[PDB]
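To begin, one chain is listed below as structure tokens, in the form deposited in one PDB entry.
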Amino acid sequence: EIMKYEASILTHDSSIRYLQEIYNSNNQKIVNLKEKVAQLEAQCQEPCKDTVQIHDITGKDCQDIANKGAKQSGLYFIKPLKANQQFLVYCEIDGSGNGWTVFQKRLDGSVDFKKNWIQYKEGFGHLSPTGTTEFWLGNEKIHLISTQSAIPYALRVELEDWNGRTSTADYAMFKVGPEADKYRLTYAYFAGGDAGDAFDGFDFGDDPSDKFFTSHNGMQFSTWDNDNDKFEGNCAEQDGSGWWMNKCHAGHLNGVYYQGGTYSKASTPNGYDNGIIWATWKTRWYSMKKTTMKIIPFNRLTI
């Protein structure tokens, strides 16, 4: 017959069959693909890992912790006797097995030390398990530690210039008073140190009063919003920090972080020596590269 269409259907017959095999294959590949995402989804189920971690060891202070077993200097939770609650701190533990509870550390000026009374009481800055952070533990905290069990404590101060050169100064019978007494500084004496006893005051040269006008033993802590200095004006507000100021200072660690160290009365409108200073070791116009204040029960003595 002329019209031979019963020969094209078979062409379509195969065309249909072809597609069926593709649809059927797609369905399968799809089923497989779904079994893969499930495997992937399982991956993206945990959060990013924070390199920072706290140690399970706990005590009355960094030293008590070390005695329990702590070997690495990192972040732990201490809690003195009269403490309402525990709180994190950075501990420094040496080969001799000593626990240095650190309460102040400067190293880059990343933290603004111009903080109010409350900010100095509860503490400010950040805590790093490697002490590569800048901070202030908090007077109240410092108080609780130093004034506990009526046991003898000591203070070491480590300094560093912009040449890696360092020095220390120790004070025996270190202690910080309650808020009722404006967190007043107190120590029996200077236990020696290559940096010098700036706390014993320092007679600069302007006036013959300079020495006892810059002694820090027995001085109460002050801020711009809580003057307690032995100055008519506000030493804290002037320098812009929180410290135990007399007729100001001779050893000012919470001072302005001056890069490079050396500065002057030019770097200030009214010209102040408001930098991180220590008169006995360096000039009044040479700011430290690194600062670290830490305490420990005095009994670690022999030097």
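Position 1 is the first residue in the sequence shown; the rest follow in order. We call the rigid core whatever largest set of C-alpha positions still superposes within 1.5 Å between the two forms.
Below, we turn to the form deposited in another entry, even though it does not appear here.
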Comparing between the shown form and the other one on the rigid core, is the C-alpha shift at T51 2 Å or larger? no
Core-aligned C-alpha movement of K68 between the shown form and the other one reaching 2 Å: no
So with the core overlaid, does the Cα of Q259 end up 2 Å or more away between the shown form and the other one? no
